Amino acid sequence: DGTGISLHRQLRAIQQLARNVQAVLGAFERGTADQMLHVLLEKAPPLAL
Amino acid sequence: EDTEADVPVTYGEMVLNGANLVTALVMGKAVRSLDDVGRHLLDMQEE
């Protein structure tokens, strides 16, 4: 709208979206390590045995 | 009949612009001509 408010809400829009993307792109950074463990633990005998 | 004729005018208007936009989305409020009210309140203690 010709408004100062609608622009500002659209600012919140662009802004919150950028936060979500930064997070999910960092998930595949976190998750590649978390998944690396599981495939190590899945193949690792207990030392006692 | 005084007269079939008259002299009507056009619509007023207002917006939230300088300090009305800030407070509206920060403090959550707004006032007609906050610039005016702000000028007159501050000046008023400068005599």
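Residues numbered from 1 in each chain as written, not as in the entry; some residues may be left out. Chains lettered and ligands numbered in written order. Part of a larger assembly, values for the part shown. Heavy atoms only, no water. Residues with missing side-chain atoms left out of burial classes, pairs and counts.

Per the PDB record, the structure was determined using cryo-EM to 3.1 Å resolution.

> Provide a residue-level description of the overall build of chain B, including the pertinent values.
Along its length, chain B carries two helices and zero strands. By principal-axis analysis of the C-alpha atoms, chain B measures approximately 55 × 30 × 15 Å. (Helix = DSSP H or I, 4+ residues; strand = E, 2+ residues; numbered from the N terminus.)

> Go over the pattern of salt bridges with me, naming the residues and quoting the values.
Residues and elements named next belong to chain B. Applying the stated criterion across every chain yields a total of one salt bridge over all chains. A salt bridge links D36 to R39, with the nearest nitrogen and oxygen atoms 2.4 Å apart. Of the two residues, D36 and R39 are both situated in helix α2 (residues 34–44); the distance of three residues between them amounts to about one turn of the helix. (Salt bridge = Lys/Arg side-chain N within 4 Å of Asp/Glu carboxyl O.)

> Residues and numbers for unusual backbone geometry, please.
Residues and elements named next belong to chain B. With phi around 45 degrees, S33 is a residue other than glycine that occupies positive phi space. In this fold, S33 is placed in the loop between α1 (19–26) and α2. A positive phi is found at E47, a non-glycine position, where the angle reads about 55 degrees. Looking at the element boundaries, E47 is found in the segment after α2.

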